[PDB]
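Here, residue 1 is the first one in the sequence, and each next residue gets the next number. Both backbone and side-chain heavy atoms feed into the values below; hydrogens, waters and symmetry mates do not. All ligand and atom numbering here is 1-based and tracks the order in the structure.
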Amino acid sequence: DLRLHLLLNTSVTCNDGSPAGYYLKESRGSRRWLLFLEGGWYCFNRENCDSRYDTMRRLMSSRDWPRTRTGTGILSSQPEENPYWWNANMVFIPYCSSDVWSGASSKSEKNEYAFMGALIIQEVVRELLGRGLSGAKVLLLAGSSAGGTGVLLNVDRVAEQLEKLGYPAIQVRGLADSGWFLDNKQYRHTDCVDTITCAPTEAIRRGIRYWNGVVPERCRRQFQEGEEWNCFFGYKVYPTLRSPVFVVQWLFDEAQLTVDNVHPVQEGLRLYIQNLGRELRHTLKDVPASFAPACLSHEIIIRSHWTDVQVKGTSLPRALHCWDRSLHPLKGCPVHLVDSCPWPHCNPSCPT
Ligand SMILES: Cc1nc2ccccn2c1C(=O)NCC(C)C
Ligand SMILES: *[C@@H]1O[C@H](CO)[C@@H](O)[C@H](O)[C@H]1NC(C)=O
């Protein structure tokens, strides 16, 4: 079990002003630290944030959090479940900011909600440096769904924070799971009039202004004022990053299909789905550390049976182990694994 600590700096808060926090399981004999960002959609105006507060309140508030959580998948301490990093120091950071981990705004006379995701990550790192992170050799910032996009937005800022604090020997790396989206042509189209009809490009542009959202500096300098939404798309922000980042992405991700307004398949939809897989494969062609199976699914790294899926005969825990070796090509230890077959479940190891 990982145990809850609420932040000592209580100005760093969840949406409703309650303190944010982290769950920790130490491993005294290890210099490896895994910090995992939870996912769970987002909200971008008063009315949809109000709805989320009634029926998704654990993603907006720490008031009802349990004192412990069990580590699963890459956060498990058992080698049977986690062949990759079972002996590491484990941290689970709950997502209670509803801002894709980008926000830098407090609740105030003008703001009903606080959007503090970017500041939550920096404050967790700061408090952990007094609980053993100061001795680290490797800090892996990982995350799923909105947390995977959060890795892309925040990994270089963690690297800069640790350098400025006097720890240039800690190697900062990222692992982004199910956070690599395309701003592609949708299968059916609606103008952005409400929550359900608003495509991601439009919803994120509004969200950035509502959250006071922040993006990595080199990407911000490329796209400039009013165009920061582009940095929430992995294939546009990734080439701007300096930290090593491993990208895990299903080729037919359920969340991508949802934002494309896709739910007996006829010719138009068949060609749409095949073109999506091809476009995703294209964006990953020159990403050297990546795992992209031809399955219809969503998230993987904290699933207990994450060991089962394989690309070209290599599992995800093996690929991440090969990545670690590459950062000390390797015979029989590949790091770039992207399926070529063109339809969901053409890989027999896909989740049922
Ligand atoms: C962050 C997220 N969670 C979910 C869950 C279901 C459907 C979509 N999303 C999204 C989404 O639209 N990201 C686009 C962009 C930020 C890369
Ligand atoms: C608490 O967090 C806020 C927001 O990041 C920061 O401005 C402030 O300096 C922090 N306070 C302390 C004592 O670290």
Only heavy atoms count here, so choose which of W41, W101, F181 is nearest to atom 13 (N) of ligand 1.
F181

I'd like to know if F233 contacts ligand 1, where contact means a heavy-atom distance under 4.0 Å to any ligand atom.
no

Within 6.0 angstrom of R58 CZ, more than 12 heavy atoms from elsewhere:
no

Do me a favour and list the nearest non-hydrogen protein atom to atom 17 (C) of ligand 1 with residue, atom name and distance?
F232 O, 3.1 Å

Between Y235, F233, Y238, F291, which is the residue that forms a ring pair (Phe, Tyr, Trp, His ring centres under 6.0 Å) with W180?
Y238

Taking the inter-plane angle between the rings of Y23 and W65 on a 0 to 90° scale, is it parallel (under 30°), tilted (30 to 60°) or perpendicular (over 60°)?
tilted

Output the list of atoms in ligand 1 that are nearer than 4.0 Å to some heavy atom of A146, sorted by atom number.
1 (C)

Would you check if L35 and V158 make a side-chain contact, meaning some heavy-atom pair closer than 4.5 Å?
no

With the threshold set at 4.0 Å, does a side-chain nitrogen-carboxylate oxygen contact exist between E160 and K164?
yes

Determine, counting only non-hydrogen atoms of the protein, whether one lies under 4.0 angstrom from atom 13 (C) of ligand 2.
no

Which ligand 1 atoms are under 4.0 Å away from a heavy-atom of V259?
8 (C), 12 (O)

Below 4.0 angstrom, N of the basic side chain to O of the carboxylate: do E123 and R126 qualify?
yes

Ignoring hydrogens, tell whether any protein atom lies closer than 4.0 Å to atom 7 (O) of ligand 2; use the non-hydrogen atoms only.
no

Result for side-chain contact (heavy atoms from CB on, under 4.5 Å) between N9 and one of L6, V12, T13 points to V12

Atom 1 (C) of ligand 2 sits nearest the protein heavy atom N9 ND2, 1.4 Å

Could you find the nearest protein heavy atom to atom 7 (C) of ligand 1 and give me its residue, atom name and distance?
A255 CB, 3.7 Å

Distance from atom 4 (C) of ligand 2 to nearest protein heavy atom, with residue and atom
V12 CG2, 4.0 Å

Atoms of ligand 2 close to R126 [distance to a heavy atom under 4.0 angstrom, numbered from 1]:
14 (O)

So for atom CD, which belongs to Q186, do other residues, nucleotides or ligands contribute more than 12 heavy atoms lying within a distance under 6.0 Å?
yes

Starting from atom 16 (C) of ligand 1, locate the nearest protein heavy atom and write down its residue, its atom name and how far away it is, to 0.1 Å.
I204 CD1, 3.7 Å

In terms of residue, atom name and distance, what is the protein heavy atom nearest to atom 5 (O) of ligand 2?
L119 CD2, 4.0 Å

Does NZ or CZ of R32 lie under 6.0 Å from the centre of the six-membered ring of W85, at an angle within 45° of the ring axis?
yes

